[PDB]
Amino acid sequence: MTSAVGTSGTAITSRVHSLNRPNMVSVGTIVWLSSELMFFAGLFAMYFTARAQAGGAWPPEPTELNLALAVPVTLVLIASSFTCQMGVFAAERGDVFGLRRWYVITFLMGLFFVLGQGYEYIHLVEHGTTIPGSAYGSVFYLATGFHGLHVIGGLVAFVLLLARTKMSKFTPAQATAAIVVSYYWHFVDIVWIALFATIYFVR
Amino acid sequence: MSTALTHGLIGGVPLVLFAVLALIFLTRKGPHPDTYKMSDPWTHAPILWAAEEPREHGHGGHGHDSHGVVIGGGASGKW
Amino acid sequence: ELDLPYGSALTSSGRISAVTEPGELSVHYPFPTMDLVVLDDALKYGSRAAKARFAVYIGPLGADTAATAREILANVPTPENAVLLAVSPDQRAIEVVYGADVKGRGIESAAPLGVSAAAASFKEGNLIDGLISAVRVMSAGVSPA
Amino acid sequence: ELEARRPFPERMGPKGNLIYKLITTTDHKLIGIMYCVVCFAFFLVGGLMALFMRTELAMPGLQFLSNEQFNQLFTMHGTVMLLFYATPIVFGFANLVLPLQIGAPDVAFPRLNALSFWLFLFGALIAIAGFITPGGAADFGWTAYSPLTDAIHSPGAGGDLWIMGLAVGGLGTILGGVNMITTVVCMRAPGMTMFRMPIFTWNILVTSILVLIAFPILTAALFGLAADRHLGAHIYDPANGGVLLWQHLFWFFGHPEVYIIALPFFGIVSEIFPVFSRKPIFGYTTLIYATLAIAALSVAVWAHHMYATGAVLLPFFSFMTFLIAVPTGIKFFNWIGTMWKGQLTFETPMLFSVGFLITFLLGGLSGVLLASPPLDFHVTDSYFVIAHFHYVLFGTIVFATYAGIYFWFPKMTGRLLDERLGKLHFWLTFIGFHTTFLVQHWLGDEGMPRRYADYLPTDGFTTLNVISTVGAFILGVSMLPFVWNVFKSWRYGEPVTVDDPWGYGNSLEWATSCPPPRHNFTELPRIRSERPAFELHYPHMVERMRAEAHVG
Amino acid sequence: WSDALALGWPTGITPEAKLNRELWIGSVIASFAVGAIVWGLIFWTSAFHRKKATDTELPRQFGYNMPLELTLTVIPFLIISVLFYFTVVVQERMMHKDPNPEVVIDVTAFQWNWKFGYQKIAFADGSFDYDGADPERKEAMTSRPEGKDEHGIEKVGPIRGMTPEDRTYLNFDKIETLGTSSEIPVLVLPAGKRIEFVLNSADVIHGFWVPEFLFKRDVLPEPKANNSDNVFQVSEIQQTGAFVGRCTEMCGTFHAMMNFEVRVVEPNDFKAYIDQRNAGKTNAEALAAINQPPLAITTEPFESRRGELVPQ
Amino acid sequence: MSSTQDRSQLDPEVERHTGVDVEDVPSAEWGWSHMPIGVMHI
Amino acid sequence: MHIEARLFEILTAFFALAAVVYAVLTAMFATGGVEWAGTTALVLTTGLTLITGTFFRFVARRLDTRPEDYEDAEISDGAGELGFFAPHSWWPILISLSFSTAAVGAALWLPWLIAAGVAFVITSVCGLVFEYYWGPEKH
Ligand code: HEA
Ligand code: HEA
Ligand SMILES: CCCCCCCC/C=C\CCCCCCCC(=O)OC[C@H](COP(=O)(O)OCCN)OC(=O)CCCCCCCCCCCCCCC
Ligand SMILES: [Cu+2]
Ligand SMILES: [Cu+2]
Ligand SMILES: [Cu+2]
């Protein structure tokens, strides 16, 4: 125990030196996100099959999409992605507290998105459309609520990463953790853009 | 068809084939060298065996040094 | 300096990486696997009571048998507390050597007993059984340090 | 001038040195061993389900099974053997040797691959746990078509546990794919370029991509089904495209599933031929392209399992089904080329490896017969198809996996499996296998749809069914020599004190102690070609391996 | 030799079945030739043992034969392309969709048995002024003015405005040869005529397969809404007599108990049968009246008992 | 290095000389460490 | 990472071609136009490969040739500090057990068990993630 057998300041360090070699955690998370894309591909396939089999009026008469509320939440999610990228820029630097601020406001705006989605859900539910009530309602709820579960998981990842930043000194490993969390958040917002264009605009 | 015949067939053909294949294969000389007979001369290279029984100070080789054989006994015999 | 006749190469570090043709083996010991296991079990836990490393040397030990026994005991990892029983059937000779630390623990009194146990079984015609019996008797004789 | 080695290596080990590793093990080598042991346990459990089917199907009457009990058997047998023995054991072999074969010390995320194994184990258990419920396991087929899986049909709990058991097990497979693909991309030896890593590592790499492409779709489909069952979500309502939606969703996963089950063991077979043929894998650059083409084509030829539905663009999938057979043909010819003009020694790894060629070909030849819709019409959903994918699966993931087990048992245990017992096990398996399934081509060619619990005595093909049952029980006893061999060879059996118990090894995994040191290596050789270990062990061949190479 | 080489393919009874059998024979010949040559290669390279005369000299160690790889990756493409062309030309006669069927059979397959409707009959020689009923196709539009809520919802229905419990896709006919669990249904068809089958499933997917037709189709619940071409035609049935037919997709527990028959009788026999069924009679009675065994002679409605060891 | 090596004197009292050994159970001297195999068999 | 990126680029090209041809030949020559299931699945597996290959290409252009990716590279060239690889850990089995609890809660429709399993999954993932960052107890 003279100084240390492993001459490392942090008991936890990057999986490989990222300056010369690929960031292993980034590679892994990117691959996993590429898989979640196929998960949402299955959901999209369900929705599009239901749309094709619909008899002209794709959203049934009882259902009426509240675009007035679905546009603010989409803009909030885009803003969440932008502020998350700012947090990543802080993470690349040693700005522990800048990262924490950016990710905290990211988490707050993602939570606002989740709450707005829930508000639209209850509004639609009381206005007839429900999962057992219609094929449209069911595919829409399946897709949008699986995305909502992904957003909730992203929020959990954000708060968990913030807790981790609170307990150990900022290091390249922890910056990489923030980077991969941001990759997940960006993937979530991209799939939300796809879902928004498919549901509300393409209809 | 012949419930008893079918049951006996499914229960016995595997057993008969297993016995035949075991006789063919398990009865073959293995790759293990045959036991050394005392009458024959010792052709194998010198064999030294050790217990690995105790803990040898530190695991690393360096630092063991060579204190010495320090022989502290003896014996002899001729079978 | 020369590596094994075929397929063995010295690596970047000291260790030599060897190979064997698929059909054959590596140890090539001329004893049954089961009584090899029995002798290993003896050396391993029938000697734990002795707390002195018990070693067996079946190879030949020529010229002055006692002296060659000494300088092959030198090869035991810790000869200080070690008991090497060497049998050369090329000479029908048995030699037991002891370390300095393993002395006065009944080892000296057990030497004739171990040698006799080895000799009886050897004249009966069982090298491995005799080695096992000698190890058992000697280990029973020795007391922990 | 002599070493002090134990008379025999340690048989088992001290009390309590393993149980805590299993719980906490982050070593891929041990995790791979856990995969292999657990996967084989599900093979025996899943295989036993077929013996009950075999015994019942030996006679026209329903001797001891019921209609639904038999229905649960092929659902869980097909499920267990594929998803709990065949798919989890590719990552069992990958974890076993893939880090060794690229020079890496560990996998990219070694706590993640530990999670993948436990997700596999516990996910598998809850799926098989449908049996303990009074209703039974999932009665619907392994394919689990849409309306039959709705809450209306098959309402029991066992069907639901099956759905979630695959979702849990599926996640472990997805995560395992992330490790193997990230390990290959990131963790590699300082000299091992992507075009010099062995064929098996390449095969696992492309298989991992297929896993990532396929399994998430299944999880999406399974949740959609689970949503439909528990919430009436009309996702697979037949009035929608539900019946063809599920088949499109499932088979889009399904057909890649039968190829992630195949490609890894093509690599294992490709690893075994060069070492025992004493010559390079014939056409290395061609095999990697063939493997890449198969994975690319497998995604877009999914629907050739839906020819009978009469709801798919029939010509399109048939063409690509004929197009995906050509790459597999190239791979098959290359393996023979590797065996060509080579000093073949048919040890138990080759014996199984050659058996794979014989069984796979006949199953493969029947595969193209199924690729023709006009032929697929009459022969679809019959025992001819049951005979097809068993000659192909059993050939590809029983003969090859056993070859991998026999080939790599010393490299993970330090002990050699008995050759005589291995030869007995092979011929029992080979003679047993061809007996059980060869007649099933004729069985299904004449009218006998699969998934039939009983048939009339007046219906013909009663003699074939008993012949099939005889073969399966020959297969049933064939696993006794193997289990005995492993049981008495793990703790006993000729130890290997050298690298390459099979001389002329390649792939850099034969450049380390047969029980590899933790972190896989104490010595990484200068990697120059596709055969680093061979180059190291036989330096004189280094020049020859370059000179004779081009001639072909 | 053809029967043995067909690997247990029944000799077809329709022009389509005969053509499919010929394609199968050709494809099996090609597959056996390929298998024979490849197995010969394997058993001939198995002659390359490690000869003891092999001194310390390793094999040729070549690998990497580009011209050979090109040849053996060109020829399989040729073989599979020829097979694909033959497959396409045979497929063309899989459903010719002749707009003038000689007899249309509405095959509706419910959970664990069959029903055949005889939707329409129109003989080319001129006969059978017969037609399907379709008064009973009643929809289940859940278009109530208001639901649980007080107003606004005016729910129409989940799917295309209707309810999954619709059954409108099913078609019904005057002459229904429903198959009971204890009476195997026997769809009787005239020999030598073009027989169309309009396929539907009442509850779940399953598969109509007459093994001697050398053709099967999957009766799905709502094929039109699932983009499935359920309806398929058979140009002719030469041989008369009783031909077994089976269910070839998962139906549920009693999936193996859905066997039926397609008894092909002469056109005059079909005249008599249809007349006697228009007259109040059952399928067995009509068969007996036309002097043909009433019960399925190729299969029995085997025991409803769960099995042999059940105590009755 | 923010840890201090521990040392303990545990009051001992069978003399663990006929039974289990530290090689088999590393902490034999620290507590009840071996049940007679006869107990498990019966 | 040139070859690593090129693998996914080739896969993306093939899957894009497959998706396009499937969409066209299903919009025309199919019973009901575009299938909308195979089409979407092919499009989004093209997206899978496109994302992975684009990231790999970005990395390849951002990175100088590594010893791993460099032909004729000596072992000493890559010799150095490899990064942190997690040693023994018992959190993965707890994560698997928690997810299994949530899964059985979903199968047997038990919302209480689903909630318990999700809480356990959160706890176990927190433990795994914090395993190598939890500081010493401050007393
Ligand atoms: C490892 C598993 C595996 C592998 C490799 C394959 C490989 C192939 N499969 Fe397989 N298949 C399954 C597993 C597998 N399959 C399973 C599990 C089912 C499920 C049954 C069901 O649910 O329907 C199935 C079902 C299945 C069906 C549906 C049957 C039906 O439902 O009616 C069809 C075609 O219709 C098919 C075709 C093919 C083809 C053309 C190949 C080929 O890609 C490769 C094999 C064929 C060869 C010909 C290889 C040999 C080639 C040469 C020697 C070159 C020279 C020869 C020629 C050019 C002919 N498969
Ligand atoms: C990896 C995949 C795999 C493997 C290895 C097998 C192996 C076998 N299969 Fe497989 N089979 C499938 C995958 C597989 N099968 C699939 C996917 C289907 C289609 C399912 C569907 O359509 O729904 C199928 C269908 C299927 C059917 C049709 C069921 C039906 O439709 O009615 C039959 C009928 O005999 C059968 C038989 C066999 C036999 C005899 C073996 C043998 O080779 C198995 C060898 C047997 C053993 C190894 C057991 C012997 C061991 C013991 C007795 C010891 C037991 C010990 C313990 C339990 C601790 N299989
Ligand atoms: C797998 C999960 C199960 C299967 C897959 C489910 C996937 C769904 C995902 C997200 C959906 C979220 C949005 C849901 C809210 C949308 C509105 C709605 O659903 O409509 C109201 C209806 C009542 O309708 P009603 O009786 O007719 O009365 C109308 C009154 N006039 O509520 C409902 O049933 C909806 C309740 C559904 C809760 C699902 C919770 C999933 C959590 C699982 C945790 C992970 C499990 C891991 C598994 C390995
Ligand atoms: Cu397929
Ligand atoms: Cu059926
Ligand atoms: Cu049916």
# chains A, B, ... in the order shown; residues from 1 in each chain; ligands from 1
$ residues_near_ligand --ligand "ligand 3" --cutoff "8 Å" --atoms "only C-alpha atoms and all ligand atoms" --output "PyMOL selection string"
(chain A and resi 118+121-122+124-126+128-133+138+141-149) or (chain D and resi 164-165+167-168+223-232) or (chain E and resi 148) or (chain G and resi 99-100+102-107+109+111+114-115+118)
$ residues_near_ligand --ligand "ligand 6" --cutoff "9 Å" --atoms "only C-alpha atoms and all ligand atoms" --output "compact mmCIF listing (two decimals) with N, CA, C and O atoms, in the first residue's frame"
# COMPACT_ATOMS: atom_id res chain seq x y z
N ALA E 109 -64.15 -23.39 -41.66
CA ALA E 109 -63.53 -24.28 -40.70
C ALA E 109 -63.53 -23.61 -39.34
O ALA E 109 -62.83 -22.62 -39.13
N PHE E 110 -64.32 -24.15 -38.42
CA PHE E 110 -64.41 -23.63 -37.07
C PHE E 110 -63.53 -24.47 -36.16
O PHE E 110 -62.80 -25.36 -36.60
N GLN E 111 -63.60 -24.19 -34.86
CA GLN E 111 -62.75 -24.88 -33.91
C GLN E 111 -63.07 -26.37 -33.91
O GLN E 111 -64.09 -26.80 -33.37
N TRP E 112 -62.18 -27.15 -34.52
CA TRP E 112 -62.14 -28.60 -34.40
C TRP E 112 -63.18 -29.32 -35.24
O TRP E 112 -63.56 -30.45 -34.91
N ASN E 113 -63.66 -28.72 -36.33
CA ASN E 113 -64.34 -29.47 -37.38
C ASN E 113 -64.60 -28.52 -38.54
O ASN E 113 -64.18 -27.37 -38.53
N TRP E 114 -65.31 -29.03 -39.55
CA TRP E 114 -65.48 -28.33 -40.82
C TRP E 114 -66.96 -28.14 -41.15
O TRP E 114 -67.84 -28.75 -40.54
N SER E 201 -62.31 -19.20 -41.84
CA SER E 201 -62.21 -19.77 -40.51
C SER E 201 -63.16 -19.04 -39.58
O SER E 201 -63.20 -17.81 -39.58
N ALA E 202 -63.92 -19.80 -38.79
CA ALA E 202 -64.87 -19.17 -37.88
C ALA E 202 -64.15 -18.52 -36.71
O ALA E 202 -64.45 -17.38 -36.34
N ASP E 203 -63.19 -19.23 -36.12
CA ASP E 203 -62.53 -18.76 -34.90
C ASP E 203 -61.05 -18.48 -35.11
O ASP E 203 -60.61 -17.35 -34.89
N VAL E 204 -60.27 -19.48 -35.54
CA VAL E 204 -58.81 -19.40 -35.52
C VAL E 204 -58.27 -19.89 -36.85
O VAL E 204 -58.97 -20.54 -37.63
N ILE E 205 -57.00 -19.56 -37.11
CA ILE E 205 -56.33 -20.07 -38.29
C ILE E 205 -56.26 -21.58 -38.21
O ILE E 205 -55.98 -22.16 -37.15
N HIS E 206 -56.51 -22.24 -39.33
CA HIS E 206 -56.08 -23.63 -39.49
C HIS E 206 -55.93 -23.88 -40.98
O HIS E 206 -55.96 -22.94 -41.78
N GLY E 207 -55.70 -25.13 -41.37
CA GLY E 207 -55.28 -25.41 -42.73
C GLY E 207 -56.01 -26.56 -43.40
O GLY E 207 -55.92 -27.70 -42.96
N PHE E 208 -56.68 -26.25 -44.50
CA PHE E 208 -57.36 -27.23 -45.32
C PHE E 208 -56.33 -27.90 -46.22
O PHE E 208 -55.74 -27.23 -47.08
N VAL E 219 -57.00 -21.62 -44.04
CA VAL E 219 -58.24 -20.93 -43.75
C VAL E 219 -57.98 -20.01 -42.56
O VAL E 219 -57.72 -20.47 -41.44
N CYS E 247 -56.45 -31.36 -41.28
CA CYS E 247 -56.15 -30.03 -40.81
C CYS E 247 -54.66 -29.92 -40.56
O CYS E 247 -54.08 -30.76 -39.87
N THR E 248 -54.04 -28.90 -41.13
CA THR E 248 -52.58 -28.82 -41.21
C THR E 248 -52.07 -27.51 -40.64
O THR E 248 -51.02 -27.00 -41.05
N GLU E 249 -52.79 -26.94 -39.68
CA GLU E 249 -52.30 -25.78 -38.93
C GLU E 249 -52.88 -25.88 -37.53
O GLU E 249 -53.89 -26.56 -37.31
N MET E 250 -52.25 -25.21 -36.57
CA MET E 250 -52.63 -25.31 -35.17
C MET E 250 -54.04 -24.77 -35.00
O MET E 250 -54.32 -23.62 -35.35
N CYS E 251 -54.92 -25.61 -34.46
CA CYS E 251 -56.31 -25.25 -34.21
C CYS E 251 -56.62 -25.10 -32.73
O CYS E 251 -57.58 -24.41 -32.38
N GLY E 252 -55.82 -25.72 -31.87
CA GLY E 252 -56.17 -25.89 -30.47
C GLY E 252 -55.82 -27.30 -30.05
O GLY E 252 -54.95 -27.93 -30.66
N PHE E 254 -57.78 -30.16 -30.06
CA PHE E 254 -58.28 -31.15 -31.01
C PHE E 254 -57.94 -30.76 -32.44
O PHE E 254 -58.79 -30.73 -33.33
N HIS E 255 -56.66 -30.44 -32.65
CA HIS E 255 -56.17 -30.11 -33.98
C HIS E 255 -55.99 -31.36 -34.84
O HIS E 255 -56.08 -31.28 -36.07
N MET E 258 -59.63 -33.06 -36.77
CA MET E 258 -60.38 -32.29 -37.75
C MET E 258 -60.43 -32.96 -39.12
O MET E 258 -60.77 -32.31 -40.11
$ residues_near_ligand --ligand "ligand 2" --cutoff "6 Å" --atoms "only C-alpha atoms and all ligand atoms" --output "list in words"
residues 43, 44, 45, 47, 48, 50, 53, 54, 74, 75, 78, 81, 82, 86, 141, 142, 386, 390, 393, 394, 450, 451, 452, 453, 472, 475, 476 and 479 of chain D
$ write_last_selection --atoms "N, CA, C and O atoms" --output "CSV table (one decimal), in the first residue's frame"
chain,number,residue,atom,x,y,z
D,43,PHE,N,-31.3,-28.9,-23.0
D,43,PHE,CA,-31.4,-29.9,-24.0
D,43,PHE,C,-31.9,-31.2,-23.5
D,43,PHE,O,-32.8,-31.8,-24.2
D,44,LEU,N,-31.4,-31.7,-22.4
D,44,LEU,CA,-31.9,-32.9,-21.8
D,44,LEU,C,-33.4,-32.7,-21.4
D,44,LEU,O,-34.2,-33.7,-21.6
D,45,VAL,N,-33.8,-31.6,-20.8
D,45,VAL,CA,-35.1,-31.4,-20.4
D,45,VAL,C,-36.0,-31.2,-21.7
D,45,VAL,O,-37.1,-31.8,-21.7
D,47,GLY,N,-35.2,-32.3,-24.7
D,47,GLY,CA,-35.2,-33.5,-25.4
D,47,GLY,C,-36.1,-34.6,-24.8
D,47,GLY,O,-36.7,-35.4,-25.5
D,48,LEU,N,-36.2,-34.6,-23.5
D,48,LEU,CA,-37.1,-35.5,-22.8
D,48,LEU,C,-38.6,-35.3,-23.2
D,48,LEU,O,-39.4,-36.3,-23.3
D,50,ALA,N,-39.5,-34.6,-26.2
D,50,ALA,CA,-39.7,-35.3,-27.4
D,50,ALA,C,-39.9,-36.8,-27.3
D,50,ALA,O,-40.6,-37.5,-28.0
D,53,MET,N,-43.4,-37.3,-26.6
D,53,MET,CA,-44.1,-37.3,-27.9
D,53,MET,C,-43.8,-38.5,-28.8
D,53,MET,O,-44.7,-39.1,-29.4
D,54,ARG,N,-42.6,-39.0,-28.8
D,54,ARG,CA,-42.2,-40.2,-29.5
D,54,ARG,C,-43.0,-41.4,-29.0
D,54,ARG,O,-43.5,-42.2,-29.8
D,74,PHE,N,-44.7,-30.1,-27.8
D,74,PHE,CA,-43.9,-29.6,-28.9
D,74,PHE,C,-43.8,-28.1,-28.8
D,74,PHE,O,-42.8,-27.6,-29.4
D,75,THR,N,-44.7,-27.4,-28.2
D,75,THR,CA,-44.5,-26.0,-27.9
D,75,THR,C,-43.3,-25.8,-27.1
D,75,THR,O,-42.4,-25.0,-27.4
D,78,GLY,N,-40.0,-27.4,-28.8
D,78,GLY,CA,-39.5,-26.5,-29.8
D,78,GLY,C,-39.0,-25.2,-29.2
D,78,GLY,O,-38.0,-24.7,-29.6
D,81,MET,N,-35.7,-26.1,-26.9
D,81,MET,CA,-34.5,-26.5,-27.7
D,81,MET,C,-33.9,-25.3,-28.5
D,81,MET,O,-32.7,-25.2,-28.6
D,82,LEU,N,-34.8,-24.5,-29.0
D,82,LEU,CA,-34.4,-23.3,-29.8
D,82,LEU,C,-33.9,-22.2,-28.9
D,82,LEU,O,-32.8,-21.7,-29.0
D,86,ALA,N,-30.4,-23.6,-28.0
D,86,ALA,CA,-29.7,-23.3,-29.2
D,86,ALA,C,-29.2,-21.9,-29.3
D,86,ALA,O,-28.1,-21.6,-29.6
D,141,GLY,N,-48.4,-23.6,-30.7
D,141,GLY,CA,-47.2,-24.0,-31.2
D,141,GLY,C,-46.1,-23.1,-30.8
D,141,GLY,O,-46.3,-22.0,-30.3
D,142,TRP,N,-44.8,-23.5,-31.1
D,142,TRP,CA,-43.7,-22.6,-30.8
D,142,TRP,C,-43.8,-21.3,-31.6
D,142,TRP,O,-43.4,-20.3,-31.1
D,386,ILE,N,-40.8,-31.1,-40.5
D,386,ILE,CA,-40.2,-31.5,-39.2
D,386,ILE,C,-38.9,-32.2,-39.5
D,386,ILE,O,-37.9,-32.1,-38.7
D,390,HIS,N,-34.8,-30.5,-38.6
D,390,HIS,CA,-34.1,-31.3,-37.6
D,390,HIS,C,-32.8,-31.8,-38.2
D,390,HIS,O,-31.8,-31.9,-37.5
D,393,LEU,N,-31.1,-28.3,-38.0
D,393,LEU,CA,-30.8,-27.9,-36.6
D,393,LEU,C,-29.9,-29.0,-35.9
D,393,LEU,O,-28.7,-28.7,-35.6
D,394,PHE,N,-30.4,-30.2,-35.8
D,394,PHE,CA,-29.6,-31.2,-35.1
D,394,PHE,C,-28.2,-31.3,-35.8
D,394,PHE,O,-27.2,-31.4,-35.1
D,450,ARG,N,-47.9,-32.1,-39.1
D,450,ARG,CA,-47.2,-32.1,-37.8
D,450,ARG,C,-48.2,-31.6,-36.7
D,450,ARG,O,-49.3,-31.2,-37.0
D,451,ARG,N,-47.7,-31.6,-35.5
D,451,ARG,CA,-48.4,-31.2,-34.4
D,451,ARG,C,-49.7,-32.0,-34.2
D,451,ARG,O,-50.8,-31.5,-33.9
D,452,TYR,N,-49.6,-33.3,-34.6
D,452,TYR,CA,-50.7,-34.3,-34.4
D,452,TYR,C,-50.5,-35.2,-33.2
D,452,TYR,O,-49.5,-35.9,-33.2
D,453,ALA,N,-51.4,-35.1,-32.2
D,453,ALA,CA,-51.2,-35.9,-31.0
D,453,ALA,C,-51.5,-37.4,-31.3
D,453,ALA,O,-50.9,-38.2,-30.7
D,472,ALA,N,-35.4,-42.1,-31.9
D,472,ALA,CA,-35.3,-41.1,-30.9
D,472,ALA,C,-34.8,-41.7,-29.6
D,472,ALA,O,-34.0,-41.0,-28.8
D,475,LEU,N,-31.3,-42.0,-29.9
D,475,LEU,CA,-30.8,-40.7,-29.5
D,475,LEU,C,-30.9,-40.4,-28.0
D,475,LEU,O,-30.1,-39.7,-27.5
D,476,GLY,N,-31.9,-41.0,-27.4
D,476,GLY,CA,-32.1,-40.8,-26.0
D,476,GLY,C,-31.0,-41.4,-25.2
D,476,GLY,O,-30.5,-40.8,-24.2
D,479,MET,N,-27.1,-39.8,-25.3
D,479,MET,CA,-26.7,-38.7,-24.4
D,479,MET,C,-26.1,-39.3,-23.1
D,479,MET,O,-25.5,-38.5,-22.3
$ atom_distance --atom1 "CA of residue 349 in chain D" --atom2 "CA of residue 471 in chain D"
22.8 Å
$ residues_near_ligand --ligand "ligand 4" --cutoff "9 Å" --atoms "only C-alpha atoms and all ligand atoms" --output "ChimeraX atom specification"
/D:251,254-259,298,301-305,321,367,371
$ closest_atom_pairs --of "chain D" --to "chain F" --cutoff "12 Å" --atoms "only C-alpha atoms" --output "tab-separated table"
residue	atom	partner	partner_atom	distance
D:13	CA	F:24	CA	9.4
D:14	CA	F:24	CA	5.9
D:15	CA	F:24	CA	6.3
D:16	CA	F:25	CA	8.3
D:17	CA	F:24	CA	10.0
$ closest_atom_pairs --of "chain E" --to "ligand 1" --cutoff "9 Å" --atoms "only C-alpha atoms and all ligand atoms" --output "CSV"
residue,atom,partner,partner_atom_place_in_ligand_line,distance
E:30,CA,ligand 1,59 (C),7.8
E:31,CA,ligand 1,59 (C),6.1
E:34,CA,ligand 1,56 (C),6.0
E:35,CA,ligand 1,53 (C),7.0
E:38,CA,ligand 1,53 (C),6.9
E:72,CA,ligand 1,55 (C),8.4
E:73,CA,ligand 1,54 (C),8.6
E:75,CA,ligand 1,58 (C),7.7
E:76,CA,ligand 1,58 (C),4.2
E:77,CA,ligand 1,58 (C),6.7
E:78,CA,ligand 1,58 (C),8.3
E:79,CA,ligand 1,58 (C),6.0
E:80,CA,ligand 1,58 (C),5.7
$ write_last_selection --atoms "N, CA, C and O atoms" --output "short mmCIF file (atom, residue, chain, number, x, y, z; two decimals), in the first residue's frame"
data_model
loop_
_atom_site.label_atom_id
_atom_site.label_comp_id
_atom_site.auth_asym_id
_atom_site.auth_seq_id
_atom_site.Cartn_x
_atom_site.Cartn_y
_atom_site.Cartn_z
N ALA E 30 -32.93 -33.56 -58.83
CA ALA E 30 -31.83 -32.61 -58.76
C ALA E 30 -31.18 -32.62 -57.38
O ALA E 30 -29.95 -32.63 -57.26
N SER E 31 -32.00 -32.62 -56.33
CA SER E 31 -31.47 -32.63 -54.97
C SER E 31 -30.67 -33.89 -54.69
O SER E 31 -29.62 -33.82 -54.05
N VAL E 34 -27.28 -33.65 -56.46
CA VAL E 34 -26.38 -32.78 -55.72
C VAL E 34 -25.89 -33.47 -54.46
O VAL E 34 -24.70 -33.44 -54.12
N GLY E 35 -26.81 -34.11 -53.73
CA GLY E 35 -26.42 -34.81 -52.52
C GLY E 35 -25.48 -35.96 -52.79
O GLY E 35 -24.54 -36.20 -52.03
N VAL E 38 -22.01 -34.49 -53.51
CA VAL E 38 -21.38 -33.92 -52.32
C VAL E 38 -20.98 -35.02 -51.33
O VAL E 38 -19.90 -34.97 -50.73
N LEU E 72 -17.83 -22.92 -58.42
CA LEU E 72 -18.78 -23.53 -57.51
C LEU E 72 -19.74 -22.53 -56.89
O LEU E 72 -20.65 -22.94 -56.16
N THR E 73 -19.55 -21.23 -57.13
CA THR E 73 -20.56 -20.23 -56.80
C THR E 73 -21.33 -19.76 -58.02
O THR E 73 -22.32 -19.04 -57.87
N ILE E 75 -22.24 -22.29 -60.55
CA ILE E 75 -23.13 -23.42 -60.85
C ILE E 75 -24.33 -23.48 -59.91
O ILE E 75 -25.44 -23.76 -60.38
N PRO E 76 -24.19 -23.24 -58.59
CA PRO E 76 -25.40 -23.30 -57.75
C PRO E 76 -26.43 -22.27 -58.16
O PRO E 76 -27.64 -22.52 -58.07
N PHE E 77 -25.98 -21.09 -58.59
CA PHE E 77 -26.91 -20.07 -59.07
C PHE E 77 -27.66 -20.56 -60.30
O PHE E 77 -28.87 -20.34 -60.42
N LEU E 78 -26.96 -21.22 -61.22
CA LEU E 78 -27.64 -21.78 -62.38
C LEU E 78 -28.67 -22.82 -61.97
O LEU E 78 -29.80 -22.82 -62.47
N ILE E 79 -28.30 -23.71 -61.05
CA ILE E 79 -29.21 -24.78 -60.63
C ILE E 79 -30.46 -24.18 -59.99
O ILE E 79 -31.59 -24.53 -60.35
N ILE E 80 -30.27 -23.28 -59.03
CA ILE E 80 -31.40 -22.69 -58.34
C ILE E 80 -32.21 -21.78 -59.25
O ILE E 80 -33.41 -21.64 -59.05
#
$ atom_distance --atom1 "CA of residue 107 in chain E" --atom2 "CA of residue 308 in chain D"
16.1 Å
$ closest_residue --among "E:276, E:292, E:259, E:239" --to "ligand 5" --atoms "only C-alpha atoms and all ligand atoms"
E:259
